[PDB]
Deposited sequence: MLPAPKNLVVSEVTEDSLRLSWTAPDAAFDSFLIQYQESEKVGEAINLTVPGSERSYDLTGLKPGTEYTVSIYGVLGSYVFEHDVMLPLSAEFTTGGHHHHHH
């Protein structure tokens, strides 16, 4: 029971739309942790969300984005060892 299929769309020079899949009402919320590949930011959103628009980013920059399904105050040990994770690069130069 995990979030799957992290994809990006609506890529611009300072924004990226993230999208993922998870089984209906399996998690209370998701933790989205991102930073430039190399200070990390933690976003939390309701468990019914399957997309988020990351804004305020730098042009031509690669980010590391991890999404963790949250039950109560917990994340699965498997999901910490192998999170839904990906690098994405903004538009521009």
Numbering from 1, run down the deposited sequence and write out every stretch that has no C-alpha in the structure. 1-2, 41-43, 99-103
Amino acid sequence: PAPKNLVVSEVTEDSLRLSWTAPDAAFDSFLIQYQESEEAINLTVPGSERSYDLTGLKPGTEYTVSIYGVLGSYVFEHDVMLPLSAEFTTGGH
From here on, numbers count along this sequence of modelled residues.
Taking the mean of the C-alpha B-factors per stretch from the entry, tell me the winner out of 21-29 and 78-86. 21-29
Peak C-alpha temperature factor (PDB record), options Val65, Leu54, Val45, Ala40: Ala40
Sorting by Cα B-factor within the chain, modelled residues only, which third would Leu71 end up in: lowest, middle or highest? highest
